[PDB]
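For reference, the structure is listed below as structure tokens.
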Amino acid sequence: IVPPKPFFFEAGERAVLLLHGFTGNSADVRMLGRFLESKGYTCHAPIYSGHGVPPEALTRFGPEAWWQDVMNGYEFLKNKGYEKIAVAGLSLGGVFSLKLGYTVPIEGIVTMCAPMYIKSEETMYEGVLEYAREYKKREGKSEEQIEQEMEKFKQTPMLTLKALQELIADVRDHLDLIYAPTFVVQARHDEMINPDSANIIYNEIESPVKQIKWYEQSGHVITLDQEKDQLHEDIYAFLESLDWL
């Protein structure tokens, strides 16, 4: 477990912004970045506030702060002189990718298993606890110590869950503003979201250029699953299909 840090793989002129999922971090898009970098693409991956640190901090942040991190990520590349910027995000990152799509100039959009349907706050929170549990286990903490820490954790309500539902709904509601070439990626039997969200995106954006690929043997965190290699190739071919300079 290497300490979660933002990464910047500088290479050619073509830049790609990589956004991770809720509860995840830059490691979830690190292998994708390294691959693109090996193909001459400059990549940058920020870490959302409350992420890449002990679970407790997560409750103190929502989409508002994460959106600020996303925009700072875009700005991070713009300030570096990079003019053409494509964006690729995982799950929540895919929602922020689409939003960026109609907020600033984007060369291309890759959404990987982005939700367009909302889950109950109870469900979302279950995922949060399961995330904290696993993070505690990865800390080398004894089982007993884990169960104690997890008790104090539930002691702090998470207001963020509701803002997340709203973010999802708002973006879906603005899909018709997206014109940038879009590549929709979806795990056919995604265990965390309704895979149909892939159809929502593809069918509702206004992009004259768009494609959708279904991965039959993958789970939600598709970047870390067994079809990763093909996924890398498919994204590369899409980026290569864009104009750039």
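Residue names in the structure tokens use chain letters A, B, ... in the order shown, residue numbers from 1 in each chain, and ligand numbers from 1 in the order shown.
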
**OP:** Fewer than 3 positions away in the same chain doesn't count, so skip those; otherwise give me all residues within 10 Å of region 92-107 of chain A, counting only C-alpha atoms, as a ChimeraX atom specification.
**Re:** /A:14-24,48,63,66-67,70-71,74,83-89,110-116,164,167-172,174-182,184-185,201,205,239,242-244

Original post:
Within 10 Å of residue 228 (chain A), counting only C-alpha atoms, which residues qualify if same-chain residues fewer than 6 places away don't, as JSON, numbers by chain?
Top reply: {"A": [31, 32, 215, 218, 221, 222, 234]}

Original post:
For residue 26 (chain A), which of A:146, A:45, A:192, A:163 is the closest residue, counting only C-alpha atoms?
Top reply: A:45

Subject >> Shortest interatomic distance to residue 210 (chain A) - which of A:197, A:73, A:51, A:109, counting only C-alpha atoms >> reply: A:109

Original post:
Which value, in Å to one decimal, gives the distance between CA of residue 120 (chain A) and CA of residue 154 (chain A)?
Top reply: 17.0 Å

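The nearest approach to residue 193 (chain A) among the residues A:123, A:42, A:49, A:160, with only C-alpha atoms taken into account, belongs to A:123.
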
Among region 13-180 of chain A, which residues does DSSP mark as helix (DSSP H, G or I) when it is run on the backbone? Keep the chain and numbering as in the structure and answer as a short mmCIF file (atom, residue, chain, number, x, y, z; two decimals) with C-alpha atoms, in the first residue's frame.
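result17.cif, written as the output of this step:
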data_model
loop_
_atom_site.label_atom_id
_atom_site.label_comp_id
_atom_site.auth_asym_id
_atom_site.auth_seq_id
_atom_site.Cartn_x
_atom_site.Cartn_y
_atom_site.Cartn_z
CA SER A 26 -5.52 7.94 -7.89
CA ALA A 27 -4.36 4.34 -7.64
CA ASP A 28 -7.67 3.36 -9.27
CA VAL A 29 -6.52 5.11 -12.45
CA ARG A 30 -2.76 4.73 -12.12
CA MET A 31 -2.33 1.78 -14.47
CA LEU A 32 -4.40 3.59 -17.09
CA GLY A 33 -2.19 6.66 -16.71
CA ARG A 34 1.05 4.69 -17.04
CA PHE A 35 -0.26 3.04 -20.22
CA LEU A 36 -1.35 6.29 -21.84
CA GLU A 37 1.96 7.83 -20.79
CA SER A 38 3.75 4.98 -22.58
CA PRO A 55 -11.97 7.06 6.43
CA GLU A 56 -13.11 9.49 9.13
CA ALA A 57 -12.09 12.52 7.03
CA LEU A 58 -14.45 11.43 4.27
CA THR A 59 -17.58 12.48 6.17
CA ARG A 60 -16.36 16.08 6.21
CA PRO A 63 -19.25 16.93 -4.20
CA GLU A 64 -18.73 20.64 -3.71
CA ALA A 65 -15.17 20.15 -2.49
CA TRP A 66 -14.54 17.26 -4.89
CA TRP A 67 -15.71 19.41 -7.80
CA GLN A 68 -13.21 22.03 -6.69
CA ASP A 69 -10.51 19.36 -6.79
CA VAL A 70 -11.62 18.30 -10.24
CA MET A 71 -11.48 21.87 -11.58
CA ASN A 72 -8.08 22.37 -9.93
CA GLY A 73 -6.99 19.22 -11.71
CA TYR A 74 -8.12 20.66 -15.03
CA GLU A 75 -6.46 23.98 -14.14
CA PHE A 76 -3.32 22.09 -13.11
CA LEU A 77 -2.91 20.97 -16.74
CA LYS A 78 -4.05 24.27 -18.27
CA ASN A 79 -1.45 26.15 -16.22
CA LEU A 92 -18.15 9.18 -9.69
CA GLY A 93 -15.19 10.38 -11.73
CA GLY A 94 -17.24 9.57 -14.80
CA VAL A 95 -19.98 11.89 -13.60
CA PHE A 96 -17.46 14.67 -13.02
CA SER A 97 -16.03 13.90 -16.48
CA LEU A 98 -19.40 14.54 -18.16
CA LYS A 99 -19.93 17.67 -16.09
CA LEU A 100 -16.52 19.00 -17.11
CA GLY A 101 -17.68 18.18 -20.62
CA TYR A 102 -20.14 21.08 -20.64
CA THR A 103 -18.32 23.37 -18.19
CA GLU A 121 -28.39 6.80 1.31
CA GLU A 122 -28.59 3.61 3.35
CA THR A 123 -27.03 1.63 0.51
CA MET A 124 -24.37 4.26 -0.20
CA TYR A 125 -23.44 4.36 3.50
CA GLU A 126 -23.11 0.56 3.55
CA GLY A 127 -20.42 0.98 0.92
CA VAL A 128 -18.79 3.66 3.05
CA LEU A 129 -18.60 1.43 6.10
CA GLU A 130 -17.35 -1.48 4.03
CA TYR A 131 -14.70 0.90 2.69
CA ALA A 132 -13.68 1.97 6.20
CA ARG A 133 -13.60 -1.65 7.41
CA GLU A 134 -11.22 -2.66 4.60
CA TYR A 135 -9.10 0.44 5.06
CA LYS A 136 -8.72 -0.40 8.73
CA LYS A 137 -7.74 -4.00 7.91
CA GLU A 143 -9.76 -7.50 14.06
CA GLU A 144 -10.79 -6.44 17.56
CA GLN A 145 -9.27 -2.97 17.17
CA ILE A 146 -11.13 -2.61 13.87
CA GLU A 147 -14.57 -3.34 15.31
CA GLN A 148 -14.01 -0.72 18.02
CA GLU A 149 -12.91 2.05 15.66
CA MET A 150 -15.84 1.25 13.37
CA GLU A 151 -18.21 1.93 16.25
CA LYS A 152 -17.07 5.52 16.72
CA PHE A 153 -17.23 5.91 12.94
CA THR A 160 -22.51 14.08 1.94
CA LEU A 161 -24.53 11.08 0.73
CA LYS A 162 -27.50 13.28 -0.17
CA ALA A 163 -25.46 15.82 -2.14
CA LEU A 164 -24.06 12.89 -4.09
CA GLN A 165 -27.57 11.85 -5.15
CA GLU A 166 -28.27 15.40 -6.28
CA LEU A 167 -24.99 15.66 -8.22
CA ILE A 168 -25.87 12.52 -10.16
CA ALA A 169 -29.37 13.80 -10.95
CA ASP A 170 -28.16 17.25 -11.99
CA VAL A 171 -25.53 15.94 -14.42
CA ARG A 172 -27.93 13.41 -15.96
CA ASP A 173 -30.28 16.36 -16.43
CA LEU A 175 -26.44 15.36 -20.63
CA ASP A 176 -28.08 17.18 -23.55
CA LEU A 177 -25.40 19.88 -23.26
#

Original post:
Which of these, A:220, A:80, A:39, A:188, has the shortest distance to residue 233 (chain A) once you count only C-alpha atoms?
Top reply: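 The shortest atom-to-atom distance to residue 233 (chain A) comes from A:39.
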
**OP:** Quote the spacing between CA of residue 139 (chain A) and CA of residue 44 (chain A) in Å to one decimal place.
**Re:** 26.8 Å

If you run DSSP on the backbone here, which positions in region 6-109 of chain A get strand (DSSP E or B)? Please write them as a PDB file with N, CA and C atoms, in the first residue's frame.
ATOM      1  N   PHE A   7      -0.884  12.146  -9.031  1.00  0.00           N
ATOM      2  CA  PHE A   7       0.224  11.892  -9.937  1.00  0.00           C
ATOM      3  C   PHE A   7       0.163  12.706 -11.217  1.00  0.00           C
ATOM      4  N   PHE A   8       1.336  12.944 -11.790  1.00  0.00           N
ATOM      5  CA  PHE A   8       1.458  13.714 -13.013  1.00  0.00           C
ATOM      6  C   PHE A   8       2.521  13.067 -13.888  1.00  0.00           C
ATOM      7  N   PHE A   9       2.077  12.373 -14.934  1.00  0.00           N
ATOM      8  CA  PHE A   9       2.991  11.729 -15.863  1.00  0.00           C
ATOM      9  C   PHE A   9       3.085  12.631 -17.084  1.00  0.00           C
ATOM     10  N   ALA A  15      -3.013  15.937 -23.492  1.00  0.00           N
ATOM     11  CA  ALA A  15      -3.201  15.747 -22.058  1.00  0.00           C
ATOM     12  C   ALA A  15      -4.506  15.039 -21.712  1.00  0.00           C
ATOM     13  N   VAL A  16      -4.454  14.233 -20.661  1.00  0.00           N
ATOM     14  CA  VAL A  16      -5.632  13.509 -20.206  1.00  0.00           C
ATOM     15  C   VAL A  16      -5.795  13.713 -18.700  1.00  0.00           C
ATOM     16  N   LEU A  17      -6.982  14.141 -18.275  1.00  0.00           N
ATOM     17  CA  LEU A  17      -7.257  14.306 -16.842  1.00  0.00           C
ATOM     18  C   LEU A  17      -7.923  12.995 -16.388  1.00  0.00           C
ATOM     19  N   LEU A  18      -7.402  12.377 -15.322  1.00  0.00           N
ATOM     20  CA  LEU A  18      -7.936  11.105 -14.817  1.00  0.00           C
ATOM     21  C   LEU A  18      -8.577  11.260 -13.431  1.00  0.00           C
ATOM     22  N   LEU A  19      -9.881  10.998 -13.332  1.00  0.00           N
ATOM     23  CA  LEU A  19     -10.590  11.159 -12.058  1.00  0.00           C
ATOM     24  C   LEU A  19     -11.040   9.828 -11.455  1.00  0.00           C
ATOM     25  N   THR A  42       0.222  12.840 -21.800  1.00  0.00           N
ATOM     26  CA  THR A  42       0.516  13.429 -20.497  1.00  0.00           C
ATOM     27  C   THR A  42      -0.745  13.238 -19.669  1.00  0.00           C
ATOM     28  N   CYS A  43      -0.600  12.634 -18.490  1.00  0.00           N
ATOM     29  CA  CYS A  43      -1.739  12.391 -17.611  1.00  0.00           C
ATOM     30  C   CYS A  43      -1.553  12.982 -16.207  1.00  0.00           C
ATOM     31  N   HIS A  44      -2.659  13.413 -15.611  1.00  0.00           N
ATOM     32  CA  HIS A  44      -2.669  13.969 -14.260  1.00  0.00           C
ATOM     33  C   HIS A  44      -3.872  13.393 -13.533  1.00  0.00           C
ATOM     34  N   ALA A  45      -3.660  12.955 -12.300  1.00  0.00           N
ATOM     35  CA  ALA A  45      -4.749  12.391 -11.525  1.00  0.00           C
ATOM     36  C   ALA A  45      -4.772  12.987 -10.128  1.00  0.00           C
ATOM     37  N   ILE A  85      -7.237  19.068 -23.646  1.00  0.00           N
ATOM     38  CA  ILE A  85      -7.366  18.194 -22.500  1.00  0.00           C
ATOM     39  C   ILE A  85      -8.566  17.275 -22.659  1.00  0.00           C
ATOM     40  N   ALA A  86      -8.329  15.971 -22.552  1.00  0.00           N
ATOM     41  CA  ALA A  86      -9.384  14.969 -22.633  1.00  0.00           C
ATOM     42  C   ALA A  86      -9.573  14.524 -21.198  1.00  0.00           C
ATOM     43  N   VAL A  87     -10.738  13.990 -20.863  1.00  0.00           N
ATOM     44  CA  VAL A  87     -10.939  13.554 -19.490  1.00  0.00           C
ATOM     45  C   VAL A  87     -11.500  12.142 -19.436  1.00  0.00           C
ATOM     46  N   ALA A  88     -11.013  11.357 -18.484  1.00  0.00           N
ATOM     47  CA  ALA A  88     -11.474   9.988 -18.311  1.00  0.00           C
ATOM     48  C   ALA A  88     -11.670   9.746 -16.819  1.00  0.00           C
ATOM     49  N   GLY A  89     -12.863   9.315 -16.439  1.00  0.00           N
ATOM     50  CA  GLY A  89     -13.123   9.086 -15.034  1.00  0.00           C
ATOM     51  C   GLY A  89     -13.823   7.788 -14.709  1.00  0.00           C
ATOM     52  N   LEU A  90     -13.585   7.299 -13.500  1.00  0.00           N
ATOM     53  CA  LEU A  90     -14.175   6.060 -13.011  1.00  0.00           C
ATOM     54  C   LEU A  90     -15.345   6.314 -12.060  1.00  0.00           C
ATOM     55  N   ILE A 109     -14.207  12.661 -23.939  1.00  0.00           N
ATOM     56  CA  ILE A 109     -14.695  12.156 -22.667  1.00  0.00           C
ATOM     57  C   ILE A 109     -14.812  10.649 -22.634  1.00  0.00           C
TER      58      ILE A 109
END
